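The chain that follows stands alone, in the form deposited in one PDB entry, written as C-alpha cells.
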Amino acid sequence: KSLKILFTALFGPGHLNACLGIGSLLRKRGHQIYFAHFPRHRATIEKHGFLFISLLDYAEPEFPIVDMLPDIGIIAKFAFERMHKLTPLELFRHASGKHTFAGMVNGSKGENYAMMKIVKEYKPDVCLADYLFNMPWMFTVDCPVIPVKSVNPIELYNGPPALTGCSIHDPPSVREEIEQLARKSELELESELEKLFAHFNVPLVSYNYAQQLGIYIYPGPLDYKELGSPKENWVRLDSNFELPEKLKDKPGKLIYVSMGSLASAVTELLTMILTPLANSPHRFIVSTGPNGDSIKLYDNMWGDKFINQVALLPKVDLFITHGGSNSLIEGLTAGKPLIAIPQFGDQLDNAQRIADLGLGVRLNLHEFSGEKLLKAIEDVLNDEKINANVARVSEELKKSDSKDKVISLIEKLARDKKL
C-alpha cells in the first residue's frame, strides 16, 4: 500500500514547487517520497520530510552533470539585452530558426545518465519530473514516469504557438508571421531532441508527450478553455511578514517588485526598473537578487536578496513581476493585480494572459520609459475592473480542488502501471 515515489526537476527554483506540493500530498497518504536534485535544495527537500538524493553523486565520468544555476547571470544578461533592443516579432526574426531553450538539450546527457542510475538503485513505483522537455530516461526506466509542468500551458493546446506572447486580440494578419517563425523554431527543438534520444538509443517522442499521465499546474480561470482540451493524458492539479521601519510614516500604497530568482542576477534589469520608481508616490519592497548589494535603493524602497514572497504578498497592493508562473499563481492566490515585464520564454505568454484577462498590464522592455512605468502603476492601482477581476480569480483559486482525482490517478498508475 505505501508507494516509493521519486521526483526530479530542472534547475529553476520555480520547477521545484509543484513537485514539492504533490510530494506533500502523497507523504500525507503514507508514501515514501524521494527527491533527486542539487545540494542547494537539500534543505527544502529534507524540511518537507523527503529523502534527498544528489544528482552529483550519480554522474557518469565522461558526462559531468551540467549545473546551469551558477552561470545563469551570463545567459540572463544576453537575454535582457535582446529584450531591451527588440520587439517580440524582431526577437523571433533575429532567432533565425533557433529555439528559445533547445540550447539546453545537448548538455542534458549527464542528468539522464544520473537519473538512469538513481531509478535503478532506488526502484521507485513511479517517478514525476518537471522539465522543459522530455528526457530519454523517462522511457527507459522500469516504472511509469509522469511529466509535471509549471510553465504557461498554451504549449499543451493546438492554438497560438508557445513562447510568443500572442494576444487573443491579435488579428490573423498581425500574427501569421511570428507564428510561422515559432514553427520553424519547434523544428530546431525536435532536431536537438532527436540527437539526445539517439545518444541513449531511445525512440524520439514529442517534447511534451504524456505517455500515461501528465500533470500541469496553472490558474484554472486563466487556462486556455477557448482552445478546447489539453494534449492527451494531461490533467490540471488545483490545490506575518514584518514590514521594515524604513517604509512606515510614508504615504502611498505598498508595491512588491521582483524579476524572479533567475533574471534578478542581471543587475542592469533591476536598476532600469528601480531608477524611475524613486519618483513614484508609493512604498516598494524589492527582491534585489544574488547581486542585490550592488543595487541602489531610494528613500521609498526596502529590499533584500531573497524576500519571504508568500508571506509578503497579502500585505501589498500591487506586484511588479517578470510574469513567471510561480509568481503569477502566488500573486493571484493573494488577490493582487500584476504589472508583468516579461524577460524570457513562457513569461511572454503569462504577461499577455494577464493583459488579455484584465488582471493587470504587460509592459515590454523594448519600449520602456519611466513615464510609462509610473503611469502603469497609477492606472492599475485605480482600475476598479482589474481589481474586481483579480478578486474573482483569487476566490476561484481558493475554492478549486482536484487533489483527490489527481492523487487517485498517480496511485492507480503506480500500482497498475496503466490507467
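Whichever C-alpha set is largest while still superposing within 1.5 Å between the two forms counts as the rigid core. Counting begins at 1, following the sequence as shown.
Below, we turn to the form deposited in another entry, even though it does not appear here.
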### Query
With the rigid core superposed, which of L357, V66, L374, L381 has its C-alpha shift by 2 Å or more between this form and the one not shown?
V66
### Task
Work out whether the Cα atoms of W137 and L69 come closer together or move farther apart in that other deposited form than they are in this form, the change being 3 angstroms or more.
closer
### Task
Once you account for a change of 3 Å or more, let me know if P70 and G345 sit closer or farther in that other deposited form, using their C-alpha atoms.
closer
